[PDB]
Amino acid sequence: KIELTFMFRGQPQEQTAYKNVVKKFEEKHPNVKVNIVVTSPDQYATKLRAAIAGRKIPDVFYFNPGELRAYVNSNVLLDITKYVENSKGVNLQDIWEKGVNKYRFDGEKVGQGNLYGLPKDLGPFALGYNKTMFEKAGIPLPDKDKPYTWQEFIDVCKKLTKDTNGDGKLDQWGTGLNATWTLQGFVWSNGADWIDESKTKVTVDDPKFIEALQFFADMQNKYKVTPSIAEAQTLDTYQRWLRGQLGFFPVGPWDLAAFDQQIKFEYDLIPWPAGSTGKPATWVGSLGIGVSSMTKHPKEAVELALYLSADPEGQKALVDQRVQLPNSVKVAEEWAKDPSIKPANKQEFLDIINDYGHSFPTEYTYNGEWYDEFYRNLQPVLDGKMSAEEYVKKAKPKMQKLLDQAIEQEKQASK
Ligand SMILES: OC[C@@H]1O[C@@H](OC[C@@H]2O[C@@H](OC[C@@H]3O[C@@H](OC[C@@H]4O[C@@H](OC[C@@H]5O[C@@H](O)[C@H](O)[C@H]5O)[C@H](O)[C@H]4O)[C@H](O)[C@H]3O)[C@H](O)[C@H]2O)[C@H](O)[C@H]1O
Ligand SMILES: [Ca+2]
């Protein structure tokens with residue numbers, strides 16, 4: 001009788017996994033049929049934005065935590081608090097508090113108050129290294145607790161950069177980090193950030209930010225511990241990591257399934273190299289599972305969100321399928337201690353969540369346009385055509401204008 005539209009995004013292993021778990025949901029609730037709208041991670045924001053613009057909102061949908069307040073003011077997200085409290089068995093007090101709290105809003109500040117969504121996951125972005133490669137090269141393994149310094153990291157990367165098949169051409173490299181997803185840690189580790197403590201002032205022209213940005217680009221251009229610009233163009237560094245060509249690459253729990261399938265070398269997790277603070281940094285992502293404020297079936301919609309987010313059986317199926325770590329803290333802890341589930345240092349994911357992971361800057365602002373502008377024109381720095389110093393001076397006023405507008409519009413839209 002009842003039909004739900006569930007809209008989400010995922011890499012192909014993620015799509016497959018959630019589609020399976022939705023079938024499990026439907027077997028459990030035979031009167032609820034779930035129509036799926038799924039996209040690649042890159043297509044999602046535009047599609048969700050179109051749906052919201054036309055006020056044709058999916059019953060259940062993935063959404064960015066940074067848009068919680070905007071969604072609440074625009075009446076996009078149903079207040080699901082009472083459905084979640086009335087639900088049989090579930091106790092989201094078991095769920096990561098940092099995850100649950102991202103989708104609470106008391107009318108004024110995020111983090112407390114009524115539920116406008118449930119955490120899909122927490123997504124600590126760990127650093128992986130190719131253990132097979134280290135061992136074939138006789139290089140001492142990275143320490144599982146003590147971060148490399150930046151200097152040490154380049155030193156090891158250089159050792160790993162070599163022509164291994166002896167044809168005269170480099171065919172193996174220290175790393176090849178994607179600035180979109182790996183610049184944060186270097187910036188943060190160096191005691192910088194995109195914006196100030198108040199989250200209202202762009203601070204990318206901070207010397208510490210610049211040093212981190214230049215350091216990042218220099219991996220490719222100056223230190224040359226990555227494939228060349230042309231080589232990464234031919235085959236991107238994620239793919240080259242999969243094929244065993246790179247010493248170092250990040251690992252999210254959502255990668256685990258794809259890696260199970262494609263990676264044949266032994267790899268493990270370590271802290272990110274630490275800058276001037278000496279403490280490692282990286283991000284802990286999250287997605288919200290929200291229900292349309294206008295859904296015709298709030299109870300069943302929340303039931304699907306709950307099943308994906310907090311239900312032991314639903315959660316178990318997702319963890320089994322290697323697309324996330326458990327949302328239940330105690331389950332995650334026993335998960336991490338299980339030696340038969342690789343990577344050996346799974347615990348690093350948890351350590352990121354508890355000790356040294358941060359939020360994306362955009363989680364603190366009303367929208368993320370100011371931040372998207374930073375990355376929109378970053379590539380010339382990344383390719384050594386423009387210095388980090390010259391770009392951030394150019395970008396800052398553009399970013400700041402956009403931040404100001406997001407601040408103004410949060411004033412307006414919440415009146
Ligand atoms: O140029 C070649 C590129 O390489 C290939 O991508 C490799 C993938 O990219 C990296 O992962 C980045 C990102 O993560 C995946 O989504 C996971 C979800 O995001 C997490 O939360 C993240 C953020 O937090 C919130 O502020 C906001 O909502 C999110 O933006 C959440 O915990 C997870 O559920 C997504 O697929 C990917 O883009 C990894 O290295 C690897 O997976 C591509 O072919 C190409 O882009
Ligand atoms: Ca070679």
Side-chain angles (χ1 to χ4, degrees), residues 41-46 49 63-70 123 125 150 175-222 226 229 232 236-238 250 252 272-273 275-277 281-287 357-410:
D42 289 344
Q43 305 173 306
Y44 187 74
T46 299
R49 159 161 296 105
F63 69 95
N64 196 307
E67 284 163 283
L68 186 69
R69 286 183 301 193
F125 204 44
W150 284 4
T175 187
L177 303 174
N178 185 344
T180 304
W181 300 114
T182 59
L183 177 64
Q184 299 78 19
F186 296 96
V187 160
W188 296 337
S189 196
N190 213 43
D193 193 11
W194 280 256
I195 56 179
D196 72 316
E197 62 177 298
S198 69
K199 315 297 184 195
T200 61
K201 298 302 191 290
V202 171
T203 53
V204 302
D205 64 338
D206 178 351
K208 295 167 172 169
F209 191 96
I210 289 187
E211 174 191 355
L213 180 53
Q214 196 61 63
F215 174 72
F216 191 95
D218 284 351
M219 282 190 274
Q220 176 185 263
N221 304 320
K222 178 222 244 275
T226 73
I229 301 183
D236 66 58
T237 60
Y238 171 77
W272 286 87
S276 73
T277 73
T282 189
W283 46 273
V284 177
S286 185
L287 286 173
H358 306 238
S359 304
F360 286 90
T362 52
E363 286 196 35
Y364 297 100
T365 57
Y366 195 59
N367 67 61
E369 300 182 359
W370 67 270
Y371 171 90
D372 298 332
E373 172 56 13
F374 174 81
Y375 273 93
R376 179 161 308 110
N377 298 119
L378 190 60
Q379 198 62 36
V381 182
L382 289 178
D383 290 337
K385 292 170 185 167
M386 187 182 277
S387 79
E389 174 174 13
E390 189 193 352
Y391 178 64
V392 302
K393 295 181 180 304
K394 189 174 175 190
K396 176 176 182 182
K398 297 175 194 177
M399 299 173 61
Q400 186 66 58
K401 182 165 199 182
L402 292 172
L403 186 45
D404 292 345
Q405 299 173 327
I407 290 163
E408 272 298 336
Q409 287 167 11
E410 99 182 321

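When a residue number appears, it is its place in the shown sequence, counting from 1.
- Side-chain contact, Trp370 with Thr365: a donor N or O sits under 3.5 Å from an acceptor N or O.
- One finds the CG atom of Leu378 at 7.5 Å from the OG1 atom of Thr180 (value rounded to the nearest 0.5 Å).
- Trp150 places a side-chain heavy atom less than 4.5 Å from the side chain of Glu211.
- Residues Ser189 and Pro273 come closest through the heavy atom pair OG-O, 4.0 Å.
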Show your reasoning for whether side chain to side chain contact (heavy atoms under 4.5 Å, CB included) applies to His358 and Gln184.
CA-CA 9 Å; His358 306 238; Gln184 299 78 19; over 6 Å; no
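- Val202 and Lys396 make their closest contact through O-CE, 3.2 Å (heavy atoms, listed as atom of the first residue, atom of the second, distance).
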Between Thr362 and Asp372, is a side chain to side chain contact (heavy atoms under 4.5 Å, CB included) present by the stated rule, with each step listed?
CA-CA 9 Å; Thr362 52; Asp372 298 332; 5.6 Å; no
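- Each of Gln214, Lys222, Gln220 was compared with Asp218 under the side-chain hydrogen bond (donor to acceptor under 3.5 Å, both in side chains) criterion, and only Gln214 meets it.
- Residue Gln400 holds its CD atom at 9.5 Å from CG of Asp205, rounded to the nearest 0.5 Å.
- For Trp194 and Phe209, the ring centers sit closer than 6.0 Å to each other.
- Distance check, rounded to the nearest 0.5 Å: CH2 of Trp272 to OG1 of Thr182 gives 5.0 Å.
- Checked by atom type and distance alone, the side chain of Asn190 never pairs as donor or acceptor with a backbone atom of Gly275 at under 3.5 Å.
- Looking at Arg49 and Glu67, their side chains come closer than 4.5 Å, going by heavy atoms from C-beta outward.
- Within the 4.5 Å cutoff, no side-chain heavy atoms of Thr237 are placed close to those of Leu177.
- Comment: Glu373 engages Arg376 in a salt bridge, judged by a side-chain N to carboxylate O separation of less than 4.0 angstrom.
- Annotation for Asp206 and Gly191: closest pair OD2-O, 4.4 Å, computed over non-hydrogen atoms.
- In this structure, CD in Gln409 is found 10.5 Å from CG in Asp404, a value given to the nearest 0.5 Å.
- Between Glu389 and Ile210, the shortest heavy-atom distance links the atoms CA-CD1, 3.6 Å.
- Taken to the nearest 0.5 Å, the CG atom of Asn377 stands 11.0 Å off from the CE atom of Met399.
- Taking every heavy atom of both residues into account, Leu403 and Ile195 meet most closely at CD2-CG2, 3.9 Å.
- Looking only at side-chain heavy atoms (C-beta outward), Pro361 and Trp188 come within less than 4.5 Å of each other.
- With sequence neighbours excluded, the residues satisfying side chain to side chain contact (heavy atoms under 4.5 Å, CB included) with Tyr364 are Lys199, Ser359.
- Atom OG of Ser276 and atom CZ of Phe186 lie 13.0 Å apart (nearest 0.5 Å).
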Verdict with supporting geometry, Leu382 and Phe216, side chain to side chain contact (heavy atoms under 4.5 Å, CB included):
CA-CA 8 Å; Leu382 289 178; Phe216 191 95; 3.9 Å; yes
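- In this structure, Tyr391 and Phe374 have tilted ring planes: the angle between them lies in the 30° to 60° band.
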